[PDB]
Amino acid sequence: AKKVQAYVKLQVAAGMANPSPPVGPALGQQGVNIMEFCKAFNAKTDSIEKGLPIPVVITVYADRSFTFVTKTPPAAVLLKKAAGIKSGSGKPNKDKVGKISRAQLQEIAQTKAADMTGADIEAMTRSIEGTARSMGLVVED
Amino acid sequence: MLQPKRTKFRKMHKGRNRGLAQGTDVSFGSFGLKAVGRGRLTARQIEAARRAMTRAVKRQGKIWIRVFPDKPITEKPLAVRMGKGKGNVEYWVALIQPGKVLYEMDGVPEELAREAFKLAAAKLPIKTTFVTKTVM
Amino acid sequence: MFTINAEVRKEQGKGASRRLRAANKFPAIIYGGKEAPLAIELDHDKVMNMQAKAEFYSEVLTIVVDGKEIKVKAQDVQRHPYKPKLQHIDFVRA
Amino acid sequence: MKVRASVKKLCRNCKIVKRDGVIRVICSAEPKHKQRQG
RNA sequence: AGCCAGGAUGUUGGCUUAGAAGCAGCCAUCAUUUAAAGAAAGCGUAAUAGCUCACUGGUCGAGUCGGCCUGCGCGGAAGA
């Protein structure tokens, strides 16, 4: 996008609409609308699948509030959707907490090409397995 | 605090602290904190300096205290006249001469050995220096 | 591979040696083999920077004294107690 | 400021200056790092 | 040493995430298009964000950087 003009990235799991406890006026401090997380954002969320937060660029113009297009599903809850226990990582790498099969990461990495850094499949394969190094997720070779 | 487990006589004469030292090379470890000044070191100063080192290079490494007190220093109480016996054993010192490797350290990089030996040489009364393990 | 230029000590004892170390030198001796031992004075700084290497104590040295060459090996070094300098070096012939 | 007898650079912006025969530590980042008399 | 440029993605990495989305948290601490880049070295947040730097290019046209051994000095150093 452009120079930093009132766009930030914030929400929690977007299976529901308009999270009032976690953030609230964090999406109301800048020119970002309160209403455009509730109906139209879920209208643009149902196009693929629900149950994922979206770190997104919301460029607030001199229009009504802004215009928004969601682009990429992030790898946090994509690497938590089938990893192990539902609590979290804590100290995940010094023991064996999680494990991930690498074929689904090859196909999701083969899908995601917008918000990445890489031009080869193998070049960006073990980057998401670097996110498996993050949450201690042991890859199954 | 260090102190011999069992002496042979409780009170020692003063005597003097002349000449150079015997423990001079870094023997056990790889880096050494070697004395330059003469002085003498109580058991509290050895303990204070060892805690500064052990804290400083955390529970990694291995530290050798190459000096040991084994010399009892007696003091007379306050408002007691002169005479009427020798005093009482208050603490224990080691006598240091120029050349004693007071401490050794191994299993760290040199820059942490510099750091712990700076941190711990400020708990001792003698001017001190850093030495390495020289090969012959 | 080290070449250490030396002279012969015409004087010895503690007076002459301590006079010789204030003049930024130090005494040394070359003994071993069948020859007589050879009292040698050495420049200090050259030998100190030279012995900072490890190969000084392992490789065969060459000492040039009176325009000769004696291939020696550094047997045993007396160092100063609390200063980075040398008192004396025993060199065994090789 | 801090009159100490060991003056040191506490930060990377701290800077030792001798003014009028007095060692000083002039910082730009934090004015708590201003020191005198080393 | 100045001066002109670039310095990211998974990375909301999960957090006890009540707000940490590199910033009161711990484990990790990887991999890439790239000269170069830290799941952030300093600040900083209601909170992302905001900058600078660590590194690289251009301008620059001769020394510069930090240790060691030393001589002489400075501070530390207030009394009737």
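Structural notes, computed from the coordinates. (Residues numbered from 1 in each chain as written, not as in the entry; some residues may be left out. Chains lettered and ligands numbered in written order. Part of a larger assembly, values for the part shown. Heavy atoms only, no water.)

## Examining the packing of aromatic side chains
Consideration 1: Applying the stated rule across the entire model yields 8 aromatic pairs over all chains.
Consideration 2: Here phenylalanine 117 of chain B and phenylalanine 130 of chain B contribute two aromatic rings whose centre-to-centre distance is 5.7 Å and whose plane-to-plane angle is 55 degrees, an arrangement assigned as tilted. Here the residue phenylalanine 117 of chain B occupies a position in helix α2 (residues 110–121), and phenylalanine 130 of chain B occupies one in strand β7 (residues 128–132), the gap between them amounting to 13 residues. Comparing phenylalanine 117 of chain B with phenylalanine 130 of chain B shows no difference in burial state: the two are buried.
Consideration 3: An aromatic cluster is defined as three or more aromatic residues linked by ring pairs; in this entry it consists of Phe37, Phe41, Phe66 and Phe68 of chain A.
Consideration 4: Positioned over the ring face of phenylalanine 130 of chain B is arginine 114 of chain B, at 4.5 Å from the centre of the ring. (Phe/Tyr/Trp six-rings, centres within 6.5 Å; stacked < 30°, edge-to-face > 60°. Helix = DSSP H or I, 4+ residues; strand = E, 2+ residues; numbered from the N terminus. Buried < 20%, exposed > 50% of the residue type's maximum accessible area, 1.4 Å probe, protein only. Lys NZ or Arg CZ within 6 Å of the ring centre and 35° of its normal.)

## Focus: the pattern of salt bridges
Residues and elements named next belong to chain B.
Consideration 1: According to the stated counting rule, one finds 8 salt bridges over all chains in the structure shown.
Consideration 2: The salt bridge involving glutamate 104 is made with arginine 66; its shortest N-O contact spans 2.4 Å. Taken together, the residues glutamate 104 in strand β6 (residues 101–106) and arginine 66 in the loop between β3 (62–65) and β4 (72–75) connect sequence positions 38 residues apart.
Consideration 3: Residue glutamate 104 is classed as buried on the basis of its relative accessible area, which comes to 0%.
Consideration 4: Using a relative accessible area of 23% as the deciding quantity, one classes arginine 66 as partly exposed.
Consideration 5: Across the salt bridge formed by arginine 114 and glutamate 110, the nearest N and O atoms sit 3.5 Å from each other. Of this pair, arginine 114 and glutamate 110 are both found in helix α2, 4 residues apart, which corresponds to roughly one turn of the helix. (Salt bridge = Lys/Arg side-chain N within 4 Å of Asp/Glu carboxyl O.)

## A look at the state of the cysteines
Two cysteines whose sulfur atoms are joined by a covalent bond form what is called a disulfide.
All names here are of chain D.
Consideration 1: Per the counting criterion, the structure on display carries 1 disulfide over all chains.
Consideration 2: Shown here is the disulfide that connects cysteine 11 with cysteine 14, its sulfur atoms set 2.2 Å apart. One quick way to see it: the torsion about the S-S bond of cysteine 11 and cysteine 14 is about 120 degrees, and its sign makes the bridge right-handed. Neither residue differs from the other here; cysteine 11 and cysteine 14 are each classed as buried.
Consideration 3: We note that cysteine 27 lacks a disulfide partner, and the nearest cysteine sulfur, in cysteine 11, lies 3.3 Å from it.
Consideration 4: The exposure class assigned to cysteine 27 is buried, which follows from its relative accessible area of 16%. (Disulfide = S-S within 2.5 Å.)

## Regarding the interface of chain C and chain B
Consideration 1: If you look at the interface, chain C gives 8 residues, while chain B gives 10 residues.
Consideration 2: Each partner contributes to the roughly 690 Å² buried at the junction of chain C and chain B, and carbon and sulfur atoms together form 69% of this total.
Consideration 3: A per-residue breakdown of the area chain C buries against chain B is headed by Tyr57, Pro81 and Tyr82 of chain C, which together make up 72% of the total.
Consideration 4: Applying the counting criterion to the chain C and chain B interface returns 0 salt bridges.
Consideration 5: Linking chain C with chain B are 2 residue pairs in polar contact.
Consideration 6: Its residues assigned to classes, the side of chain C that touches chain B comprises 5 nonpolar, 1 polar and 2 charged. (Contact = heavy atoms within 4.5 Å. Buried area = accessible area lost by both parts, 1.4 Å probe. Polar contact = N/O pair within 3.5 Å; in protein donor to acceptor, adjacent residues only side chain to side chain. Nonpolar A, V, L, I, M, F, W, Y, C, P; charged D, E, K, R; others polar.)

Nothing here speaks to function; it is all geometry.
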